[PDB]
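Novice:
Structure (structure tokens):
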């Protein structure tokens, strides 16, 4: 009777996937 | 009872729209 | 008592002030 | 005890840990 807080959770794990991409900066050329 | 936990949710979405900006580096810095 | 959930919120506001720095990518690379 | 809400918190502390890495850009630039 309150999936509002849980629903938002999906957003937390989601950003993680993208976080991996940004890593590209820390490797090539440095 | 107060929307204390909910209010934080608004902060979660903000990350998504901004994340799109940082992507400019990954895709092409022009 | 259950300030466990609230505590997490405090950390959320923190990421915001720092996000400002990330802007550098844009402010530099058109 | 329905640690569903707590699990989400773990994601918050994670950001901070990685967040310092990204800092490498300003604190140094080869």
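Chains as they are written, first to last, in the deposited numbering: chain C, 23 to 52; chain D, 23 to 52; chain A, 23 to 52; chain B, 23 to 52. We put the CB at the ideal spot given by N, CA and C, even for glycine.
Are the CB atoms of residue 43 of chain C and residue 33 of chain B nearer to each other than 8 Å?
Specialist: No. Outside cutoff.
Novice: Does residue 27 of chain D have its Cβ less than 8 Å from a Cβ in chain A?
Specialist: Yes, residue 27 of chain D lies at the interface with chain A (some Cβ there is under 8 Å from its Cβ).
Novice: Let me check one thing: in DSSP terms, what residues is residue 51 of chain C bridge-paired to?
Specialist: Residue 51 of chain C is bridged to C/49.
Novice: Are the C-beta of residue 33 of chain A and some C-beta of chain G separated by less than 8 Å?
Specialist: Although the question refers to chain G, the structure presented lacks it and instead comprises the protein chains C, D, A and B.
Novice: Is residue 31 of chain D helix, strand or coil when you go by DSSP?
Specialist: Helix, per DSSP.
Novice: Use the C-beta contact count for residue 29 of chain B: other C-beta atoms within 10 angstroms, 16 or more gives buried, fewer gives exposed.
Specialist: With fewer than 16 other Cβ atoms within 10 Å, it is exposed.
Novice: Under three-state DSSP, which class holds residue 25 of chain C?
Specialist: DSSP places residue 25 of chain C in helix when its eight states are reduced to three.
Novice: CA-CA distance, residue 26 of chain A and residue 39 of chain D?
Specialist: Roughly 28 Å separates the two Cα atoms.
Novice: Mind checking if residue 37 of chain A is an interface residue toward chain B, Cβ cutoff 8 Å exclusive?
Specialist: By this cut-off, residue 37 of chain A is an interface position.
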